[PDB]
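Trainee: File follows, query.pdb with PDB, C-alpha atoms and all ligand atoms:
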```pdb
ATOM      1  CA  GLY R 344     -14.831   4.136   3.607
ATOM      2  CA  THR R 345     -13.930   0.766   2.100
ATOM      3  CA  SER R 346     -17.106   0.083   0.107
ATOM      4  CA  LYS R 347     -15.978   1.446  -3.269
ATOM      5  CA  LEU R 348     -12.629  -0.296  -2.775
ATOM      6  CA  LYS R 349     -14.436  -3.613  -2.231
ATOM      7  CA  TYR R 350     -16.489  -3.043  -5.384
ATOM      8  CA  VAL R 351     -13.305  -2.521  -7.405
ATOM      9  CA  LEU R 352     -11.735  -5.694  -5.921
ATOM     10  CA  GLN R 353     -14.864  -7.733  -6.667
ATOM     11  CA  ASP R 354     -13.836 -10.701  -8.837
ATOM     12  CA  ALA R 355     -10.437  -9.091  -9.430
ATOM     13  CA  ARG R 356      -7.260 -10.922 -10.248
ATOM     14  CA  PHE R 357      -4.143  -9.952  -8.332
ATOM     15  CA  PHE R 358      -0.465 -10.088  -9.291
ATOM     16  CA  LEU R 359       2.636  -9.481  -7.215
ATOM     17  CA  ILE R 360       4.937  -6.938  -8.871
ATOM     18  CA  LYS R 361       8.532  -6.801  -7.699
ATOM     19  CA  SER R 362      10.759  -3.843  -8.504
ATOM     20  CA  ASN R 363      14.512  -3.829  -8.065
ATOM     21  CA  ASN R 364      14.552  -0.135  -7.093
ATOM     22  CA  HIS R 365      12.364   2.561  -5.595
ATOM     23  CA  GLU R 366      12.895   4.935  -8.527
ATOM     24  CA  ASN R 367      10.733   2.985 -10.948
ATOM     25  CA  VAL R 368       7.887   2.640  -8.453
ATOM     26  CA  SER R 369       7.996   6.408  -7.882
ATOM     27  CA  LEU R 370       7.963   6.940 -11.645
ATOM     28  CA  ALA R 371       5.039   4.511 -11.928
ATOM     29  CA  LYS R 372       3.162   6.456  -9.247
ATOM     30  CA  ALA R 373       3.882   9.786 -10.963
ATOM     31  CA  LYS R 374       3.088   8.725 -14.540
ATOM     32  CA  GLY R 375       0.532   5.930 -14.099
ATOM     33  CA  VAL R 376       2.505   3.362 -16.113
ATOM     34  CA  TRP R 377       4.259   0.060 -15.524
ATOM     35  CA  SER R 378       6.559  -2.181 -17.553
ATOM     36  CA  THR R 379       7.625  -5.771 -16.848
ATOM     37  CA  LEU R 380       9.564  -8.610 -18.473
ATOM     38  CA  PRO R 381       7.916 -10.317 -21.481
ATOM     39  CA  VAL R 382       6.789 -13.449 -19.636
ATOM     40  CA  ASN R 383       4.776 -11.360 -17.166
ATOM     41  CA  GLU R 384       3.663  -8.977 -19.875
ATOM     42  CA  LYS R 385       1.959 -11.874 -21.662
ATOM     43  CA  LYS R 386       0.310 -13.049 -18.430
ATOM     44  CA  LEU R 387      -1.001  -9.566 -17.622
ATOM     45  CA  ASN R 388      -2.351  -8.972 -21.139
ATOM     46  CA  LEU R 389      -4.304 -12.242 -20.877
ATOM     47  CA  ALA R 390      -5.604 -11.421 -17.406
ATOM     48  CA  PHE R 391      -6.662  -7.916 -18.516
ATOM     49  CA  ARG R 392      -9.091  -9.390 -21.038
ATOM     50  CA  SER R 393     -10.321 -11.963 -18.499
ATOM     51  CA  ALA R 394     -11.318 -10.003 -15.400
ATOM     52  CA  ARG R 395     -13.234  -6.891 -14.415
ATOM     53  CA  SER R 396     -10.101  -5.653 -12.611
ATOM     54  CA  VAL R 397      -6.460  -6.712 -12.696
ATOM     55  CA  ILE R 398      -4.681  -5.483  -9.554
ATOM     56  CA  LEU R 399      -0.898  -5.055  -9.337
ATOM     57  CA  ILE R 400       0.546  -5.143  -5.808
ATOM     58  CA  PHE R 401       4.003  -3.546  -5.701
ATOM     59  CA  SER R 402       6.990  -4.460  -3.540
ATOM     60  CA  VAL R 403      10.496  -3.019  -3.903
ATOM     61  CA  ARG R 404      13.111  -5.722  -3.377
ATOM     62  CA  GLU R 405      14.735  -5.649   0.089
ATOM     63  CA  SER R 406      12.338  -2.917   1.284
ATOM     64  CA  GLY R 407      10.406  -5.273   3.535
ATOM     65  CA  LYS R 408       7.165  -3.613   2.432
ATOM     66  CA  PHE R 409       4.569  -3.262  -0.265
ATOM     67  CA  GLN R 410       4.466   0.216  -1.757
ATOM     68  CA  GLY R 411       0.845   0.277  -2.918
ATOM     69  CA  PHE R 412      -1.435  -1.235  -5.530
ATOM     70  CA  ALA R 413      -2.934  -0.206  -8.849
ATOM     71  CA  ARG R 414      -5.457  -1.419 -11.416
ATOM     72  CA  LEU R 415      -4.515  -2.113 -15.036
ATOM     73  CA  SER R 416      -6.399   0.199 -17.360
ATOM     74  CA  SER R 417      -4.836  -1.066 -20.594
ATOM     75  CA  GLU R 418      -2.987  -3.884 -22.245
ATOM     76  CA  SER R 419       0.688  -3.210 -22.907
ATOM     77  CA  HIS R 420       1.568  -0.944 -25.820
ATOM     78  CA  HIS R 421       4.764   0.020 -27.646
ATOM     79  CA  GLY R 422       5.899   3.269 -29.222
ATOM     80  CA  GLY R 423       5.056   5.834 -26.541
ATOM     81  CA  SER R 424       7.452   8.465 -25.281
ATOM     82  CA  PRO R 425      10.402   6.655 -23.649
ATOM     83  CA  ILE R 426       9.845   5.871 -19.980
ATOM     84  CA  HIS R 427      13.134   6.666 -18.229
ATOM     85  CA  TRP R 428      13.180   3.577 -16.068
ATOM     86  CA  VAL R 429      16.296   3.098 -13.974
ATOM     87  CA  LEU R 430      17.556  -0.178 -15.354
ATOM     88  CA  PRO R 431      18.957  -2.755 -12.914
ATOM     89  CA  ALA R 432      22.081  -4.715 -13.748
ATOM     90  CA  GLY R 433      21.490  -7.049 -16.678
ATOM     91  CA  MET R 434      18.167  -5.419 -17.605
ATOM     92  CA  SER R 435      17.661  -3.501 -20.850
ATOM     93  CA  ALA R 436      15.028  -1.097 -22.111
ATOM     94  CA  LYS R 437      13.870  -3.607 -24.745
ATOM     95  CA  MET R 438      13.066  -6.175 -22.036
ATOM     96  CA  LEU R 439      10.830  -3.453 -20.498
ATOM     97  CA  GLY R 440       9.309  -2.269 -23.762
ATOM     98  CA  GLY R 441       5.614  -2.960 -23.275
ATOM     99  CA  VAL R 442       3.925  -0.205 -21.266
ATOM    100  CA  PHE R 443       0.736  -0.746 -19.281
ATOM    101  CA  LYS R 444      -1.375   2.163 -18.155
ATOM    102  CA  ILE R 445      -2.404   1.825 -14.508
ATOM    103  CA  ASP R 446      -4.650   3.697 -12.085
ATOM    104  CA  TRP R 447      -3.382   3.795  -8.543
ATOM    105  CA  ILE R 448      -5.791   2.605  -5.899
ATOM    106  CA  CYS R 449      -3.457   3.031  -2.927
ATOM    107  CA  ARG R 450      -0.066   4.765  -2.846
ATOM    108  CA  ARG R 451       0.547   4.026   0.845
ATOM    109  CA  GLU R 452       2.985   1.437   2.225
ATOM    110  CA  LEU R 453       2.203  -1.811   4.031
ATOM    111  CA  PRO R 454       5.056  -3.540   5.907
ATOM    112  CA  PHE R 455       5.451  -7.299   5.449
ATOM    113  CA  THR R 456       4.937  -7.782   9.189
ATOM    114  CA  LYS R 457       1.283  -6.780   8.723
ATOM    115  CA  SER R 458       0.594  -9.470   6.097
ATOM    116  CA  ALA R 459       2.180 -12.430   7.890
ATOM    117  CA  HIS R 460      -1.230 -14.060   8.399
ATOM    118  CA  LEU R 461      -1.979 -14.227   4.647
ATOM    119  CA  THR R 462      -0.773 -17.120   2.521
ATOM    120  CA  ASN R 463      -1.105 -17.558  -1.230
ATOM    121  CA  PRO R 464      -2.592 -20.888  -2.418
ATOM    122  CA  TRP R 465      -1.010 -20.290  -5.823
ATOM    123  CA  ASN R 466       2.477 -20.178  -4.259
ATOM    124  CA  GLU R 467       2.354 -23.299  -2.061
ATOM    125  CA  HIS R 468       0.560 -21.326   0.702
ATOM    126  CA  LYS R 469       3.748 -19.422   1.404
ATOM    127  CA  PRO R 470       3.286 -15.974   2.983
ATOM    128  CA  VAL R 471       1.981 -13.594   0.343
ATOM    129  CA  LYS R 472       5.092 -11.392   0.640
ATOM    130  CA  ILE R 473       7.015 -14.339  -0.890
ATOM    131  CA  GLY R 474       6.814 -14.645  -4.634
ATOM    132  CA  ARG R 475       8.595 -13.875  -7.869
ATOM    133  CA  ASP R 476       7.699 -10.858  -9.986
ATOM    134  CA  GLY R 477       4.406 -11.693 -11.676
ATOM    135  CA  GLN R 478       3.206 -14.297  -9.178
ATOM    136  CA  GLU R 479      -0.574 -14.451  -9.255
ATOM    137  CA  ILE R 480      -2.279 -14.093  -5.862
ATOM    138  CA  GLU R 481      -5.515 -16.033  -5.326
ATOM    139  CA  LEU R 482      -8.684 -13.928  -4.993
ATOM    140  CA  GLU R 483      -9.339 -14.287  -1.257
ATOM    141  CA  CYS R 484      -5.698 -13.687  -0.294
ATOM    142  CA  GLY R 485      -5.363 -10.749  -2.680
ATOM    143  CA  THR R 486      -8.569  -9.093  -1.494
ATOM    144  CA  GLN R 487      -7.542  -9.347   2.161
ATOM    145  CA  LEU R 488      -4.036  -8.069   1.403
ATOM    146  CA  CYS R 489      -5.406  -4.990  -0.361
ATOM    147  CA  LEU R 490      -7.799  -4.333   2.513
ATOM    148  CA  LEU R 491      -4.833  -4.286   4.915
ATOM    149  CA  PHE R 492      -3.303  -1.182   3.322
ATOM    150  CA  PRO R 493      -3.994   2.131   5.055
ATOM    151  CA  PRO R 494      -6.747   4.059   3.262
ATOM    152  CA  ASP R 495      -5.389   6.492   0.639
ATOM    153  CA  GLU R 496      -7.754   9.423   1.027
ATOM    154  CA  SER R 497      -6.109  11.276  -1.883
ATOM    155  CA  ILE R 498      -7.636   8.819  -4.404
ATOM    156  CA  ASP R 499     -11.278   8.917  -5.540
ATOM    157  CA  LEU R 500     -12.294   5.488  -6.900
ATOM    158  CA  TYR R 501     -15.305   6.959  -8.730
ATOM    159  CA  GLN R 502     -13.340   7.336 -11.972
ATOM    160  CA  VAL R 503     -11.839   3.846 -11.612
ATOM    161  CA  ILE R 504     -15.294   2.291 -11.246
ATOM    162  CA  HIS R 505     -16.299   4.053 -14.480
ATOM    163  CA  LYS R 506     -13.356   2.516 -16.339
ATOM    164  CA  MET R 507     -14.906  -0.849 -15.479
TER     165      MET R 507
HETATM  166  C1  LIG P 601       9.845  -0.938 -14.639
HETATM  167  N1  LIG P 601       9.845  -2.371 -14.402
HETATM  168  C2  LIG P 601      10.831  -2.896 -13.508
HETATM  169  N2  LIG P 601      11.783  -2.031 -12.893
HETATM  170  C3  LIG P 601      12.768  -2.583 -12.008
HETATM  171 CL1  LIG P 601      13.990  -1.564 -11.218
HETATM  172  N3  LIG P 601      12.785  -4.003 -11.724
HETATM  173  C4  LIG P 601      11.784  -4.883 -12.363
HETATM  174  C5  LIG P 601      10.849  -4.383 -13.206
HETATM  175  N4  LIG P 601      10.091  -5.391 -13.620
HETATM  176  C6  LIG P 601      10.552  -6.518 -13.036
HETATM  177  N5  LIG P 601      11.599  -6.175 -12.260
HETATM  178  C7  LIG P 601      12.419  -7.034 -11.440
HETATM  179  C8  LIG P 601      11.771  -7.915 -10.388
HETATM  180  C9  LIG P 601      12.646  -8.814  -9.523
HETATM  181  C10 LIG P 601      14.164  -8.814  -9.710
HETATM  182  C11 LIG P 601      14.805  -7.914 -10.767
HETATM  183  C12 LIG P 601      16.318  -7.913 -10.967
HETATM  184  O1  LIG P 601      16.802  -7.490 -12.052
HETATM  185  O2  LIG P 601      17.080  -8.342 -10.060
HETATM  186  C13 LIG P 601      13.922  -7.021 -11.631
END
```
Please, can you express the file's structure as structure tokens?
Mentor:
Amino acid sequence: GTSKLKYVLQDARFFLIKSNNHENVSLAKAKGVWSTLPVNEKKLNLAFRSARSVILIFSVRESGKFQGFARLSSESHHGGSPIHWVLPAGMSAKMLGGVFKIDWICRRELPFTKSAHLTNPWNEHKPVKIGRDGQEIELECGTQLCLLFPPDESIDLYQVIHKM
């Protein structure tokens, strides 16, 4: 069912996360962590204190799809065991130093063709698939986008609700 999902998305904030490669999204799904550039890191740390749930919606560049979405469970932290991100051209490990812990809510894909009816008021009402890494998605758009994903019956949201 979708009822626990809707409870988790209640009054959530949503952010578009863009990844240059599939490898880091697979690593994020395996290890429950994410790292972003400092400008987005600051925005996510602020949002984490501000909302019952901060939702990251992932899209690998040029994939034509979203790869899933996750809830922040921590602010960023430094000093953990090195996350072996695959660094794109021009990107260094220091730029990706802050590490957020995340809990996956859906690890299934959604193709962009399925979200073409959703526009983001915070990005000039462009289709929600359009946006830079870190673009905030307004509540109603974000909620409907997350509800479009296929159910991920391997995840039990009971623990996530208790983190709230
Ligand atoms: C582990 N965290 C991350 N891993 C990867 Cl592979 N890419 C990330 C990222 N955080 C932001 N980006 C990003 C988004 C859009 C364009 C580019 C680019 O360099 O062209 C890079």
Trainee: Could you list, as an mmCIF file with C-alpha atoms, in the coordinates of the input, every residue within 7 Å of stretch 353-368 of chain R, counting all atoms listed in the file and ignoring same-chain residues fewer than 4 positions away?
Mentor:
```cif
data_model
loop_
_atom_site.group_PDB
_atom_site.id
_atom_site.type_symbol
_atom_site.label_atom_id
_atom_site.label_comp_id
_atom_site.auth_asym_id
_atom_site.auth_seq_id
_atom_site.Cartn_x
_atom_site.Cartn_y
_atom_site.Cartn_z
ATOM 1 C CA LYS R 349 -14.436 -3.613 -2.231
ATOM 2 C CA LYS R 372 3.162 6.456 -9.247
ATOM 3 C CA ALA R 394 -11.318 -10.003 -15.400
ATOM 4 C CA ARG R 395 -13.234 -6.891 -14.415
ATOM 5 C CA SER R 396 -10.101 -5.653 -12.611
ATOM 6 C CA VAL R 397 -6.460 -6.712 -12.696
ATOM 7 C CA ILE R 398 -4.681 -5.483 -9.554
ATOM 8 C CA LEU R 399 -0.898 -5.055 -9.337
ATOM 9 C CA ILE R 400 0.546 -5.143 -5.808
ATOM 10 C CA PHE R 401 4.003 -3.546 -5.701
ATOM 11 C CA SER R 402 6.990 -4.460 -3.540
ATOM 12 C CA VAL R 403 10.496 -3.019 -3.903
ATOM 13 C CA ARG R 404 13.111 -5.722 -3.377
ATOM 14 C CA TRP R 428 13.180 3.577 -16.068
ATOM 15 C CA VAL R 429 16.296 3.098 -13.974
ATOM 16 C CA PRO R 431 18.957 -2.755 -12.914
ATOM 17 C CA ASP R 476 7.699 -10.858 -9.986
ATOM 18 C CA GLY R 477 4.406 -11.693 -11.676
ATOM 19 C CA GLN R 478 3.206 -14.297 -9.178
ATOM 20 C CA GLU R 479 -0.574 -14.451 -9.255
ATOM 21 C CA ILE R 480 -2.279 -14.093 -5.862
ATOM 22 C CA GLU R 481 -5.515 -16.033 -5.326
ATOM 23 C CA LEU R 482 -8.684 -13.928 -4.993
ATOM 24 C CA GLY R 485 -5.363 -10.749 -2.680
#
```
Trainee: Taking all atoms listed in the file into account, name the residue in R:379, R:463, R:497, R:421 that is nearest to residue R:483.
Mentor: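 Selected residue with least distance to residue R:483: R:463.
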Trainee: Out of R:492, R:391, R:409, R:501, which residue has the shortest atom-to-atom distance to residue R:473 when counting all atoms listed in the file?
Mentor: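 Looking only at the distances to residue R:473, the closest residue turns out to be R:409.
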Trainee: Which residues, written as number ranges by chain, have at least one atom at most 8 Å from residue R:472, with all atoms listed in the file counted and residues fewer than 4 positions away on the same chain left out?
Mentor: R: 455, 458-459
Trainee: Determine, counting only C-alpha atoms, every residue of protein, DNA or RNA that lies within 8 Å of (-2.1, -2.3, -13.2) in the file coordinates, then give the result as a JSON list (two decimals) with C-alpha atoms, in the frame of the given file.
Mentor:
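Saved as part01.json:
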```
[["chain", "number", "residue", "atom", "x", "y", "z"],
["R", 376, "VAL", "CA", 2.50, 3.36, -16.11],
["R", 377, "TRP", "CA", 4.26, 0.06, -15.52],
["R", 397, "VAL", "CA", -6.46, -6.71, -12.70],
["R", 398, "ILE", "CA", -4.68, -5.48, -9.55],
["R", 399, "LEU", "CA", -0.90, -5.06, -9.34],
["R", 412, "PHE", "CA", -1.44, -1.24, -5.53],
["R", 413, "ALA", "CA", -2.93, -0.21, -8.85],
["R", 414, "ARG", "CA", -5.46, -1.42, -11.42],
["R", 415, "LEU", "CA", -4.51, -2.11, -15.04],
["R", 416, "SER", "CA", -6.40, 0.20, -17.36],
["R", 417, "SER", "CA", -4.84, -1.07, -20.59],
["R", 443, "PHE", "CA", 0.74, -0.75, -19.28],
["R", 444, "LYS", "CA", -1.38, 2.16, -18.16],
["R", 445, "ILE", "CA", -2.40, 1.82, -14.51],
["R", 446, "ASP", "CA", -4.65, 3.70, -12.08],
["R", 447, "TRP", "CA", -3.38, 3.80, -8.54]]
```
Trainee: Which value, in Å to one decimal, gives the distance between atom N4 of ligand LIG 601 (chain P) and atom CA of residue R:438?
Mentor: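 About the pair atom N4 of ligand LIG 601 (chain P) and atom CA of residue R:438: they are 9.0 Å apart.
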Trainee: If the PyMOL selection byres (((chain R and resi 436) around 12) and not hetatm) were run on this exact file, what residues would it hold? Put them as a short mmCIF file (atom, residue, chain, number, x, y, z; two decimals) with C-alpha atoms, in the coordinates of the input.
Mentor:
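That gives us part_17.cif:
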```cif
data_model
loop_
_atom_site.label_atom_id
_atom_site.label_comp_id
_atom_site.auth_asym_id
_atom_site.auth_seq_id
_atom_site.Cartn_x
_atom_site.Cartn_y
_atom_site.Cartn_z
CA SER R 378 6.56 -2.18 -17.55
CA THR R 379 7.62 -5.77 -16.85
CA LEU R 380 9.56 -8.61 -18.47
CA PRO R 381 7.92 -10.32 -21.48
CA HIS R 421 4.76 0.02 -27.65
CA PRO R 425 10.40 6.66 -23.65
CA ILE R 426 9.85 5.87 -19.98
CA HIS R 427 13.13 6.67 -18.23
CA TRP R 428 13.18 3.58 -16.07
CA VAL R 429 16.30 3.10 -13.97
CA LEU R 430 17.56 -0.18 -15.35
CA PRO R 431 18.96 -2.76 -12.91
CA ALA R 432 22.08 -4.72 -13.75
CA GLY R 433 21.49 -7.05 -16.68
CA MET R 434 18.17 -5.42 -17.60
CA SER R 435 17.66 -3.50 -20.85
CA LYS R 437 13.87 -3.61 -24.74
CA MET R 438 13.07 -6.18 -22.04
CA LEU R 439 10.83 -3.45 -20.50
CA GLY R 440 9.31 -2.27 -23.76
CA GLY R 441 5.61 -2.96 -23.28
CA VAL R 442 3.92 -0.20 -21.27
#
```
Trainee: Restricting the calculation to only C-alpha atoms and all ligand atoms: of R:407, R:474, R:452, R:465, which residue gets closest to ligand LIG 601 (chain P)?
Mentor: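 So, comparing all the options, the nearest one is R:474.
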Trainee: Determine the nearest neighbour of ligand LIG 601 (chain P) from the options R:475, R:385, R:460, R:347, counting all atoms listed in the file.
Mentor: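 That would be R:475, the residue with the smallest distance to ligand LIG 601 (chain P).
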Trainee: Please measure the separation of atom CA of residue R:506 and atom CA of residue R:352, giving the value in Å to one decimal.
Mentor: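 Separating atom CA of residue R:506 from atom CA of residue R:352 is a distance of 13.4 Å.
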Trainee: Hey, can you check how far atom CA of residue R:499 sits from atom CA of residue R:344?
Mentor: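 Computing it gives 10.9 Å between the two atoms.
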Trainee: How would stretch 360-375 of chain R look with N, CA and C atoms restored, written as a tab-separated table (two decimals), in the frame of the given file?
Mentor:
```tsv
chain	number	residue	atom	x	y	z
R	360	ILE	N	3.99	-7.62	-8.01
R	360	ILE	CA	4.94	-6.94	-8.87
R	360	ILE	C	6.15	-6.61	-8.02
R	361	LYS	N	7.31	-7.07	-8.44
R	361	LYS	CA	8.53	-6.80	-7.70
R	361	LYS	C	9.34	-5.80	-8.51
R	362	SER	N	9.90	-4.80	-7.85
R	362	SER	CA	10.76	-3.84	-8.50
R	362	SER	C	12.11	-3.88	-7.82
R	363	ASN	N	13.17	-3.81	-8.63
R	363	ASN	CA	14.51	-3.83	-8.06
R	363	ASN	C	14.85	-2.52	-7.35
R	364	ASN	N	14.20	-1.41	-7.71
R	364	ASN	CA	14.55	-0.14	-7.09
R	364	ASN	C	13.31	0.71	-6.86
R	365	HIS	N	13.46	1.68	-5.94
R	365	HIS	CA	12.36	2.56	-5.60
R	365	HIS	C	12.04	3.53	-6.72
R	366	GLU	N	13.05	3.91	-7.50
R	366	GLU	CA	12.90	4.93	-8.53
R	366	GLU	C	11.80	4.59	-9.52
R	367	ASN	N	11.74	3.33	-9.95
R	367	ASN	CA	10.73	2.98	-10.95
R	367	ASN	C	9.34	2.96	-10.35
R	368	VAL	N	9.20	2.59	-9.08
R	368	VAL	CA	7.89	2.64	-8.45
R	368	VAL	C	7.43	4.08	-8.27
R	369	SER	N	8.35	4.99	-7.94
R	369	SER	CA	8.00	6.41	-7.88
R	369	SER	C	7.59	6.93	-9.25
R	370	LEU	N	8.33	6.55	-10.29
R	370	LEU	CA	7.96	6.94	-11.64
R	370	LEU	C	6.60	6.36	-12.03
R	371	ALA	N	6.34	5.11	-11.65
R	371	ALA	CA	5.04	4.51	-11.93
R	371	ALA	C	3.92	5.27	-11.23
R	372	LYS	N	4.17	5.71	-9.99
R	372	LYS	CA	3.16	6.46	-9.25
R	372	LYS	C	2.93	7.84	-9.83
R	373	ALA	N	3.98	8.46	-10.37
R	373	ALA	CA	3.88	9.79	-10.96
R	373	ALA	C	3.22	9.75	-12.33
R	374	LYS	N	3.51	8.73	-13.15
R	374	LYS	CA	3.09	8.72	-14.54
R	374	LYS	C	2.00	7.71	-14.84
R	375	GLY	N	1.60	6.89	-13.87
R	375	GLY	CA	0.53	5.93	-14.10
R	375	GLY	C	0.85	4.89	-15.15
```
